[PDB]
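Presented as structure tokens, the chain that follows is alone, the form deposited in one PDB entry.
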């Protein structure tokens, strides 16, 4: 039934599915150490993950997939989804990252963790780009849903008829979200030329969000913090429950 939705109903579904804004652990000892900041950020990420699974299950077409394919997509996207949410939260705070309403950090505090100021700088540049483009909430939700469906679709094993069907379904849903993004842009008064230029501008930022995730993963490993990454089993458990 997901591919029978209209553009306006897809928009409505995605806005209704949005997860809550969570708070960081209240009153930590400030200033931070590297260990304590990572501790606060890990704790917040672990709690956001549960709500991300709930959101994902309400993205039209996601639960049509096998549980295995749902986990693979989440495995592939989760850090990108957390990151774009952060960028969105931070749009109205130039020069700062709004990790939580009670955890607003500027660049110089990313220094307290080794290697994170580079990633801080990349996240701040993405928030500046979103601000420059006047990204709209309805566009953000579509972009976040694209990330979920797209990031892992190309690394499916995907060699049987069923898998061809799964990948085909994902690409049809992704076409529907493109239709939706274009509809939102037409309704706002953009010419056809402006519509296609803005769609491309938004999808190309996704490549930078990928980059940021890859570099973030690198450092969640460089700091010997691989047990911070949600396992296949954990993700599967959250999906079934």
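Numbering follows the first chain given and starts at 1. The term rigid core refers to the maximal set of C-alpha atoms that superpose within 1.5 Å between the two forms. Only residues modelled in both forms are compared.
There is another form of the same protein, the form deposited in another entry; it is not shown, and what comes next is about it.
Superposed on the rigid core, the two forms differ between the shown form and the other one by 2 Å or more at the C-alpha of one listed residue only; from 15, 21, 223, 217 that residue is 223. The Cα position of residue 33 differs by 2 Å or more between the shown form and the other one after fitting on the rigid core. The gap between the Cα atoms of residue 22 and residue 35 is smaller in the other form, by no less than 3 Å, than in this form. Look at the core-aligned forms between the shown form and the other one and you find runs of 3 or more residues with C-alpha shifts of 2 angstroms or more at 26-35, 223-228.
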